[PDB]
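Quick setup: one chain, the form deposited in one PDB entry, written in structure tokens, and binding and motion questions come after.
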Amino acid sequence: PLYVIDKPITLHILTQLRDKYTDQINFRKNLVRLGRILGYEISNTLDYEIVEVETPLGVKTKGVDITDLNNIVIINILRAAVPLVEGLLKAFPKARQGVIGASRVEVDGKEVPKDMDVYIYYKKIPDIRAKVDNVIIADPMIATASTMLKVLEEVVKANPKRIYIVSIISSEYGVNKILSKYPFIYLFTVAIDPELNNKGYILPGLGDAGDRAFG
């Protein structure tokens, strides 16, 4: 399933992120804001039970309990995802965190990259509980989807209850590549850009998310 969260405020924030004049401090501030917002949107898609609660007025009434808020594992793809994850963690205070350091092998060919070698320089992920945990993989940008696909090949083996992918900008090619292979993944993004340049960067995109956030 594809969830494009393109409401006025999210597009307003995204505009700030795209703007090449937005410095690191403000870029991070806006990315955290989007992490909170996407966490909110994701929360509204989680399973939930109807419960009964007693108010101070001695009366009982129906309520809602999203039990899955207790079963979340967020995978932080360094370096770029750090601010996004900080925002997501605000939405899921009980989420355990896992980290994956990923970097693409740069390219500059005569044609637009379809695939790219991704080397994982660091990996520490908590035990994912099959059929129980909801895994949220966070990475601001999805271009060729090579990074996400490499992370997914491992996550899918854990057989989580559900897999969410949270990005800010995904390319049409990337979204297609992910959902066509894993059609049951919940892919959240704010905008879907049409293309990539010869270097594998998203156009219009926002540049290298890592550098935009931390220089």
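Numbers for residues come from their place in the sequence shown, where the first is 1. Between two forms, the rigid core is defined as the largest C-alpha subset superposing within 1.5 Å.
The same protein also exists as the form deposited in another entry; that form is not shown, yet it is the one meant from here on.
For the set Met141, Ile137, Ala102, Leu89, a Cα shift of at least 2 angstroms between this form and the one not shown, after rigid core superposition, holds for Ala102 and for no other residue. Positional change of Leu78 between this form and the one not shown stays under 2 Å at the C-alpha, relative to the superposed core.
Core-superposed comparison between this form and the one not shown: the CA of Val112 exceeds or equals a 2 Å shift. The distance between the CA atoms of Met148 and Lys110 is at least 3 Å shorter in the other entry than in the form shown here. Here's the thing about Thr147 and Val112: their CA atoms end up at least 3 Å closer in the other entry than they are in this form.
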